[PDB]
Structure formats: structure tokens, C-alpha cells
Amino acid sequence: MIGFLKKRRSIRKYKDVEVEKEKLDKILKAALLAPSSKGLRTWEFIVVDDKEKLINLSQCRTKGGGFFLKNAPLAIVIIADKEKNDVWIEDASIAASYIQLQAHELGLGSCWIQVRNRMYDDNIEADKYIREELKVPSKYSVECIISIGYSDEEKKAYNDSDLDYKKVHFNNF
């Protein structure tokens, strides 16, 4: 598990290879098993493998952040029913991380694209642009997009020298 996590690096460049149905199905199962506040499961997942839609979504932040989505084979857009609970950010973040870890176990690379609190441009929220592109009703907000694919880039694993132990406090700050 520690070694599993040391090998998890964010991947932004992917082989031209589709994510198999069998793998996508396990990733979704992991997402649906995420602990949520009050067990309410505020999240919903939009699976995107249509190439033109992925191109559209890669522009969700015109000043950058998700451009590499254009050449990913798969994305899961994580949204949340913000009316149902006010810790939907937590809920969606936990599901996101489960998606990414399950993908890592299946030999896939992934990257989180931040949407919440990000601008599409000076006039429009990234949340708004994604809801238009995916026909999402206004009661939902978009937390993030996780792009998923077979890695086409080299990244080093973390090791124990990367661990910032100064960030651990005992019984008080």
C-alpha cells in the first residue's frame, strides 16, 4: 500500500489506447463504494469517452488546467448534488481519490483537473461551462474531472526522502 502509493504519479500524456470496459467497470465500482457524509452519496459520475466531448471539456479552463484531456481516452466528471449536503466537496474528493487509486491498481495513469473555484474565462465559471457541455442541471456543481489512460510519459516514484515529516505534530501543533 505504501509502495502502491509511492508509484502513483499524475499522468497527463497517454497512449492512443482505449480503457477497456472491464477496467472502467471496476473504477466505477470503487467510486460507488466511497464513504460519504451521512451516507448520502451526494456525488454523481459522468463517464466521457467521446473524443469530441473530451476535446470540448479540455477547454474547461481556457487559461489552462485540463488541456491534456484532449488526448485522454477516458474521463470521469465528478459532480455533486450541492442541495443535499454542504460537505459535497469532501464527498466528491473522496470518490475522486478512490477512482484514481483503482485506476492505478489497474495499471492506468490519471490526473485530477480542478473545476470548483476555477474560471472558464473572465465571464464564466468552469463549473458552468461543464454543465452546459454535459447538460447537467443547475442544482449540481462540478468538483473535478479525472482523466484516465495508459501512461505515455515517464515519472519517478516517490521514496522516503520525499516524505515531509515536519508536517506531523504530536498532541498539539
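Residue indices: 1-based, along the sequence shown.
Annotation for 89-97 versus 76-84: the higher mean temperature factor (C-alpha) is found in 76-84. Higher average CA B factor: 156-164, of the stretches 156-164 and 10-18.
In the deposited coordinates, the residue among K51, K26, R41, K128 with the greatest CA B-factor is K51.
Looking at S36, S138, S58, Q114, the one whose CA carries the top B-factor in the deposited record is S138. When the CA B factors of the chain's modelled residues are split into thirds, the value for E143 lands in the lowest one. Split the chain's modelled residues into thirds by C-alpha temperature factor. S110 is in the lowest one.
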